[PDB]
Amino acid sequence: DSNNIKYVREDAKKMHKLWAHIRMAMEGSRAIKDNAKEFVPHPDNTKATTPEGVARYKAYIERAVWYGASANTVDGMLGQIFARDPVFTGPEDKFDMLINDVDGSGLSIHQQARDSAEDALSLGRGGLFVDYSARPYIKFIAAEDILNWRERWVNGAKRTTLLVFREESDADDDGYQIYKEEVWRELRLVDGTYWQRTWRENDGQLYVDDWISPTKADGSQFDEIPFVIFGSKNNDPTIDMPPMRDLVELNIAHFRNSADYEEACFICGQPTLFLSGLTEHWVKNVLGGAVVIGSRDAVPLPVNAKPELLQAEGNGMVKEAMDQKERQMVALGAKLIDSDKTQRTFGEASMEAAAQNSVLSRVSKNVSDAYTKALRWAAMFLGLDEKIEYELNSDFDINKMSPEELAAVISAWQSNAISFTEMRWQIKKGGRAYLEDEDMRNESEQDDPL
Amino acid sequence: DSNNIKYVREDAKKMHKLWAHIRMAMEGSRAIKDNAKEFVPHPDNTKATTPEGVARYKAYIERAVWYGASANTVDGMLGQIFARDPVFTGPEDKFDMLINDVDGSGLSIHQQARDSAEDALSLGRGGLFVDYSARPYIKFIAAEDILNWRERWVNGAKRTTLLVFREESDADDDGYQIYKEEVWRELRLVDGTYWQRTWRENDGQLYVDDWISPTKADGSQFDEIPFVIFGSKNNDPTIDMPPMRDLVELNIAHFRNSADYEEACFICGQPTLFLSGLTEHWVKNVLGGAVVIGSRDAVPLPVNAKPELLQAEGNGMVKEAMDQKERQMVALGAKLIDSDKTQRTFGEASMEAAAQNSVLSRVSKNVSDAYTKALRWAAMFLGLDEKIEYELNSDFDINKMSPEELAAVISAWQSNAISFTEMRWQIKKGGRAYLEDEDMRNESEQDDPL
Amino acid sequence: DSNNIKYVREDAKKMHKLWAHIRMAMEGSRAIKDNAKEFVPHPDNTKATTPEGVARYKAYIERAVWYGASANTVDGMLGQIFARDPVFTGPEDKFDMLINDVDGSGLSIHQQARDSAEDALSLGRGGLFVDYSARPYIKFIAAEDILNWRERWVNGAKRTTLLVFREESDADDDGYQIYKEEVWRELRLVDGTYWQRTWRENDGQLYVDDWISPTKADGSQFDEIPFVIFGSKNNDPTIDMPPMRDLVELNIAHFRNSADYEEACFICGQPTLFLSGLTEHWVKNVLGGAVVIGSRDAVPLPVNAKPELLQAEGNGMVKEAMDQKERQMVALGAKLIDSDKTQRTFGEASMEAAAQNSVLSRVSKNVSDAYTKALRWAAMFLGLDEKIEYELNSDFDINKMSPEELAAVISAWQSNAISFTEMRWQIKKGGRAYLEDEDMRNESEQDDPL
């Protein structure tokens, strides 16, 4: 237990190891081979003590092959979730500053939502913070940055009273040398009132800021802390298990199996003559420490001499284990790899599509509610309309719409069952239109060319 | 038998072991390898006594591979049950505070329902509590928290008279150090009247609260305790067997088989020369404790010498047992893995879909009735309309609707057989509309663009 | 830490190695075999010390085969992303100078967008800079050129205050000898005002330029630096992991496996007679150091003599490892190779198309927003219309449209659902029209021939 602003909750420290392992898995092969001591055990500790043992271990690690399947799963999941663009409900001209630059850096809200979805898919944690500069800015807080939170029940309700997250920034000094200064934000909720302050560090000194109470345009300060923690499981301050832990462990096991297999292939993969029944006198007489192996020359041997080319044959049990691990990764609901040899009957996958896209749907809804809450807090800051929504693509397995589907949606719009904007969103989802609904209305208002 | 408020029923203590095992199964590989002593038996107790034996056992556990199939089953089951959003029947503006934040934390009722469904699918137990702060809050009580209950028949009826569940909270002290204080709620029913009190602990002292009787807006206090225990089997205080017990045991067995298989692959998987019929004189004369194995060099051997590369071949019976266990997990009605090689004829799975989604349907209905009862209790608290319903997605294997299906539902709506809101719910289930029914009505009220 | 304008950020130096490796992978086989020491380890360090060892290593590298699969993946990804031409939204006559020559070199904006997309697909980094000469020019800055940036938060917003990128140019001296002079651009943002200056080097001397503030046609100088860094992940100054790292490592591993396999094929691939049980007296008597191997002549041998043709058989485990690596590259979502033997059922790939084109879609959107921001900055420079857009082809797997699809889009245009220009863009995407919409309108305005 520590009273410093830098104090990190124990469960966050416990999950730091898994978070770091997942980050190395996402990074690629370089990070895996850098920390290969943690993943691949040394074949012999006695060798590890000696210098030649660690020299051999270095080549053992270098010859290994990293699949990089977890990164492929993350990329495929992001591509499935983020197709076309998330739909925003409500006024658009009154919220254009949030869509164009969500944090005043030129980055659209869609890119920040994509980053949040990637973080929630990979390690299953994130944060969104809304504050006032004038204009409101929607933050993006990495999972490792949120290092403290509290759940104190007020009048029999779940209320998050304390929440401290680390803010990182680059010092803009006169010189071009890159510095690194950190800011700590302390979000407090006393008797249903939001208070906040900032902590800064420089030369080992802690600078404190006076307590302030941000207030909406109408007033009444704030009843809740404008911070939402989104995860794979639910939007709760409690940590959720990352969805990629099992895939990461399977990838590590496959990596060590590949290290063993590559060592075996390097050593015993090359065929060797193995001239048995040979005498030194014969070697010096004819062979002379040199055997011609071309088809032009024939090599003689004495009586009862058996030459036998020896090399490790295929279908080794190490390769069998590697194939089993790859099959398990495919079977673990991961889009990490695709197989051309495998064939699937159409209509079979339609039954399982609900289960396969379970994590996709859960993350999509969680991020949707998180961003809806953030946008509502921003609207409160600006005193704008409250009934706004931000929903990501919840319809996965998206593809170009068929002519029959196009006729069906047109017929549905011609009846009072599908909204005109709903049909436009349908036709944009299928990659059949690009212009905005207002532009299409304006152009179709005039007479036909004929 | 104990008279303390902390007393736990004997059957709860008996089920605690299974609950903990299931929790470790959900957690992932780290928890499994942490408590590997409980799951994987030591290959030799005599070695376990010695230090080198436990040193070998550590590497034995580390080399193992955890499938993580039970977590995949839970995720797939949740994705199947929770598609789109649960439908709420009744006034919506008068219940908006419950939908937006069911417990005053910004968490929507849908997320809490998802968490309850996950708990009922994984270990098959949960609790919902409704209390008054002003506003009513619908609780979520974990299965391990409910530690005492009673079934005393009053006038020949099943009445739950006593129910004590542990309430956990974080102390909001001045410092940032995280504390941990617990609250005990004692729910009592005397002569058909609901009484409740809270118990708090600090510094080993028990603080007691005076008995209170919550009352509805109309009055008449309360006739029943506002607590419902939902499980996989039924909404009864009696404990129900978790649906994932058999899958957890199968996964543990596969994990120990994988430990054995990985040890065998590490040891005997690498091919070895095994130069038989070799004399020490020959070794020192030519070999000199160093054999060149590249294809460039040829190694000679004396007469009657047989070199034989030896390695464990594939299709081992341990691997056969692992494959059998994986097949059994697939066959146990688990969406834990999917196989691209396997092909299924369309229309065959339609016959079994009732049996495969049996646990899904049972959990869906149980949670639906639990949340309906909770919402009715909240309406009683607020004196609102009583004929309200909360039903989750009972139609599993959900996919995008076909153009023919769209035409069919439009034609059905054009007749007096499907409600307009029913057709809207149909078209939203198929991922063909996103706007609310009222918004569509308002936009279609005006004239066509033309 | 250095105060010079040439100072490079530490993370850029760290990523320089991966960037260089990816560049060698794109370059082809010559670059790979040039730096083969970094990729293919020497089979023996003791040999490497000796001159004959390095002589053997040279032939070892020369016999190797480079797949060149990463370059094929990049080319296929570019072809998928860049089909037809990117659509420009807004006035076209007022922006013709940017479309015809984006940087005043006759290179169309489409070619520069293609180059940016290639850079973002290969190593996942790039830059776009807009400056005033008069006319505005949209720059293209290679990833290695951006060597310094800063993220200083101003009023609680992400603002890029410093950004220094290297500008390379060829000296136009009187002679034809090629020189090489470099220019450094220092982009600074003080109190929300864009400042810039240029640094030049000649004969070891640094020439500095006075600080200037570019201003728009309307005025008000500039509020943000007209520089956008686009990457595979997002349009942020932070470096993003290249999407081709895993494929590059797999290709390197396959290259070293191919080196080993080719050496084995060269040495042990040729069959040899291996006349065992042969005496020197017999050799000199009949063989005489010359064996006739044609079918016309028969060669006699003494008693107990076994001739045995020996050669390395097929299905070697090295070849098995190479096949496994090729399969892994195919399965890693790479269009690097296609297999005629493999067959895929139609409709299966439609489900995975979202995941397979994930990196394609992400890069397409990132480059689209980057170029939209650049065009908006150019419009600010010229005081032109701001509501302009530049969107690349986000509909991948593009093919010629079917007659049924043509009828469907015509029917959709005949209704008020698809814009006339939208239908024209549809019919141009399907390769069914080439003339501009205005030309078609002008020709169809007149009466029919009949």
# chains A, B, ... in the order shown; residues from 1 in each chain; ligands from 1
call {"tool": "interface_residues", "arguments": {"of": "chain B", "to": "chain C", "cutoff": "9 Å", "atoms": "only C-alpha atoms", "output": "list in words"}}
result
residues 294, 295, 296, 449 and 450 of chain B
call {"tool": "write_last_selection", "arguments": {"atoms": "N, CA and C atoms", "output": "tab-separated table (two decimals), in the first residue's frame"}}
result
chain	number	residue	atom	x	y	z
B	294	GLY	N	27.20	-32.88	-41.67
B	294	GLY	CA	26.81	-32.22	-42.89
B	294	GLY	C	26.92	-33.14	-44.09
B	295	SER	N	26.24	-32.75	-45.17
B	295	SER	CA	26.31	-33.52	-46.41
B	295	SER	C	27.66	-33.39	-47.10
B	296	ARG	N	28.48	-32.41	-46.72
B	296	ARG	CA	29.79	-32.26	-47.33
B	296	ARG	C	30.76	-33.35	-46.88
B	449	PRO	N	-40.04	11.69	-51.79
B	449	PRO	CA	-39.21	12.66	-52.51
B	449	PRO	C	-39.61	12.80	-53.97
B	450	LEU	N	-39.63	11.68	-54.69
B	450	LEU	CA	-39.95	11.64	-56.11
B	450	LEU	C	-39.12	12.64	-56.91
call {"tool": "residues_around", "arguments": {"residues": "residue 108 (chain B)", "least_positions_apart": "5", "cutoff": "9 Å", "atoms": "only C-alpha atoms", "output": "PyMOL selection string"}}
result
(chain A and resi 369) or (chain B and resi 98-103+113)
call {"tool": "write_last_selection", "arguments": {"atoms": "N, CA and C atoms", "output": "PDB file, in the first residue's frame"}}
result
ATOM      1  N   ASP A 369     -21.337   1.461 -26.780  1.00  0.00           N
ATOM      2  CA  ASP A 369     -21.863   2.130 -25.592  1.00  0.00           C
ATOM      3  C   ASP A 369     -20.839   3.079 -24.987  1.00  0.00           C
TER       4      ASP A 369
ATOM      5  N   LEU B  98     -33.744   2.778 -15.706  1.00  0.00           N
ATOM      6  CA  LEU B  98     -33.290   1.407 -15.511  1.00  0.00           C
ATOM      7  C   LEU B  98     -32.513   0.886 -16.711  1.00  0.00           C
ATOM      8  N   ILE B  99     -32.914   1.268 -17.924  1.00  0.00           N
ATOM      9  CA  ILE B  99     -32.217   0.800 -19.116  1.00  0.00           C
ATOM     10  C   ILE B  99     -30.842   1.449 -19.222  1.00  0.00           C
ATOM     11  N   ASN B 100     -30.761   2.757 -18.962  1.00  0.00           N
ATOM     12  CA  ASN B 100     -29.490   3.460 -19.114  1.00  0.00           C
ATOM     13  C   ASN B 100     -28.467   2.998 -18.081  1.00  0.00           C
ATOM     14  N   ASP B 101     -28.846   2.991 -16.804  1.00  0.00           N
ATOM     15  CA  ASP B 101     -27.958   2.545 -15.728  1.00  0.00           C
ATOM     16  C   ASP B 101     -28.792   1.721 -14.753  1.00  0.00           C
ATOM     17  N   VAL B 102     -28.628   0.400 -14.813  1.00  0.00           N
ATOM     18  CA  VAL B 102     -29.459  -0.490 -14.011  1.00  0.00           C
ATOM     19  C   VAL B 102     -29.114  -0.368 -12.530  1.00  0.00           C
ATOM     20  N   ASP B 103     -27.867  -0.009 -12.216  1.00  0.00           N
ATOM     21  CA  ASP B 103     -27.418   0.136 -10.835  1.00  0.00           C
ATOM     22  C   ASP B 103     -26.758   1.491 -10.597  1.00  0.00           C
ATOM     23  N   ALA B 113     -27.478  -8.016 -17.983  1.00  0.00           N
ATOM     24  CA  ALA B 113     -28.109  -9.259 -18.410  1.00  0.00           C
ATOM     25  C   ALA B 113     -27.096 -10.190 -19.061  1.00  0.00           C
TER      26      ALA B 113
END
call {"tool": "select_by_dssp", "arguments": {"residues": "region 101-273 of chain A", "states": "strand (DSSP E)", "output": "ChimeraX atom specification"}}
result
/A:128-132,136-138,146-149,162-169,181-190,193-202,205-208,227-228
call {"tool": "residues_around", "arguments": {"residues": "residue 348 (chain A)", "least_positions_apart": "3", "cutoff": "12 Å", "atoms": "only C-alpha atoms", "output": "PyMOL selection string"}}
result
(chain A and resi 343-345+351-354) or (chain B and resi 338-340+342-350+397+399) or (chain C and resi 347-348+351)
call {"tool": "select_by_dssp", "arguments": {"residues": "region 214-444 of chain B", "states": "helix (DSSP H, G or I)", "output": "PyMOL selection string"}}
result
chain B and resi 245-268+280-287+317-331+349-356+358-382+403-414+420-429+437-444
call {"tool": "residues_around", "arguments": {"residues": "residue 251 (chain A)", "least_positions_apart": "2", "cutoff": "9 Å", "atoms": "only C-alpha atoms", "output": "PyMOL selection string"}}
result
chain A and resi 25+66-70+246-249+253-256+325-326+329
call {"tool": "atom_distance", "arguments": {"atom1": "CA of residue 445 (chain C)", "atom2": "CA of residue 438 (chain A)"}}
result
25.9 Å
call {"tool": "residues_around", "arguments": {"residues": "region 7-15 of chain B", "least_positions_apart": "5", "cutoff": "7 Å", "atoms": "only C-alpha atoms", "output": "mmCIF file with N, CA, C and O atoms, in the first residue's frame"}}
result
data_model
loop_
_atom_site.group_PDB
_atom_site.id
_atom_site.type_symbol
_atom_site.label_atom_id
_atom_site.label_comp_id
_atom_site.auth_asym_id
_atom_site.auth_seq_id
_atom_site.Cartn_x
_atom_site.Cartn_y
_atom_site.Cartn_z
ATOM 1 N N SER B 2 -23.188 -22.532 12.697
ATOM 2 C CA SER B 2 -22.726 -21.286 13.288
ATOM 3 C C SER B 2 -23.852 -20.264 13.261
ATOM 4 O O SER B 2 -24.668 -20.237 12.337
ATOM 5 N N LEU B 147 -24.617 -16.914 0.381
ATOM 6 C CA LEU B 147 -24.053 -17.922 1.263
ATOM 7 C C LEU B 147 -25.057 -18.504 2.248
ATOM 8 O O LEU B 147 -24.689 -19.379 3.036
ATOM 9 N N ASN B 148 -26.311 -18.055 2.224
ATOM 10 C CA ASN B 148 -27.305 -18.585 3.145
ATOM 11 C C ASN B 148 -28.698 -18.320 2.594
ATOM 12 O O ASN B 148 -28.966 -17.240 2.061
#
call {"tool": "atom_distance", "arguments": {"atom1": "CA of residue 187 (chain B)", "atom2": "CA of residue 225 (chain B)"}}
result
7.0 Å
call {"tool": "residues_around", "arguments": {"residues": "region 87-94 of chain A", "least_positions_apart": "5", "cutoff": "12 Å", "atoms": "only C-alpha atoms", "output": "ChimeraX atom specification"}}
result
/A:82,99-100,109-110,113,368,371-372,375-376,378-379,382-394,421-422,424-426,428-429 /B:433-436,439
call {"tool": "write_last_selection", "arguments": {"atoms": "C-alpha atoms", "output": "PDB file, in the first residue's frame"}}
result
ATOM      1  CA  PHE A  82     -14.629  -1.966 -38.838  1.00  0.00           C
ATOM      2  CA  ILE A  99     -16.015  13.806 -35.957  1.00  0.00           C
ATOM      3  CA  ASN A 100     -13.208  15.668 -37.735  1.00  0.00           C
ATOM      4  CA  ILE A 109     -13.429   9.766 -34.327  1.00  0.00           C
ATOM      5  CA  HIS A 110     -13.528   6.663 -36.533  1.00  0.00           C
ATOM      6  CA  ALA A 113     -12.790   4.063 -32.321  1.00  0.00           C
ATOM      7  CA  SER A 368     -20.509   1.443 -29.080  1.00  0.00           C
ATOM      8  CA  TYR A 371     -18.439   6.064 -27.338  1.00  0.00           C
ATOM      9  CA  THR A 372     -22.144   6.852 -26.958  1.00  0.00           C
ATOM     10  CA  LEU A 375     -20.516  11.701 -26.909  1.00  0.00           C
ATOM     11  CA  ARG A 376     -23.341  12.302 -24.429  1.00  0.00           C
ATOM     12  CA  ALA A 378     -19.442  15.987 -24.704  1.00  0.00           C
ATOM     13  CA  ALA A 379     -22.982  17.121 -25.540  1.00  0.00           C
ATOM     14  CA  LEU A 382     -21.558  21.881 -25.007  1.00  0.00           C
ATOM     15  CA  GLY A 383     -25.211  21.874 -23.919  1.00  0.00           C
ATOM     16  CA  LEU A 384     -26.192  20.095 -27.135  1.00  0.00           C
ATOM     17  CA  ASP A 385     -28.810  17.457 -27.933  1.00  0.00           C
ATOM     18  CA  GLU A 386     -28.577  14.408 -25.678  1.00  0.00           C
ATOM     19  CA  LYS A 387     -30.343  11.739 -27.775  1.00  0.00           C
ATOM     20  CA  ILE A 388     -27.273  10.880 -29.838  1.00  0.00           C
ATOM     21  CA  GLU A 389     -25.863   7.451 -30.641  1.00  0.00           C
ATOM     22  CA  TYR A 390     -22.661   5.968 -32.051  1.00  0.00           C
ATOM     23  CA  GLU A 391     -22.972   2.380 -33.281  1.00  0.00           C
ATOM     24  CA  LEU A 392     -20.230   0.412 -35.015  1.00  0.00           C
ATOM     25  CA  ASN A 393     -20.776  -2.226 -37.690  1.00  0.00           C
ATOM     26  CA  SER A 394     -22.596  -5.028 -35.869  1.00  0.00           C
ATOM     27  CA  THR A 421     -31.855   6.723 -45.023  1.00  0.00           C
ATOM     28  CA  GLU A 422     -32.060   3.085 -43.910  1.00  0.00           C
ATOM     29  CA  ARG A 424     -29.217   4.337 -48.296  1.00  0.00           C
ATOM     30  CA  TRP A 425     -27.228   2.823 -45.422  1.00  0.00           C
ATOM     31  CA  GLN A 426     -28.050  -0.640 -46.772  1.00  0.00           C
ATOM     32  CA  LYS A 428     -23.685   1.861 -48.856  1.00  0.00           C
ATOM     33  CA  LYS A 429     -22.949  -1.214 -46.726  1.00  0.00           C
TER      34      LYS A 429
ATOM     35  CA  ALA B 433     -32.496  -1.794 -40.237  1.00  0.00           C
ATOM     36  CA  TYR B 434     -31.036   0.290 -37.429  1.00  0.00           C
ATOM     37  CA  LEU B 435     -33.341   3.271 -36.909  1.00  0.00           C
ATOM     38  CA  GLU B 436     -36.073   3.045 -34.296  1.00  0.00           C
ATOM     39  CA  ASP B 439     -38.027   7.539 -36.301  1.00  0.00           C
TER      40      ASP B 439
END
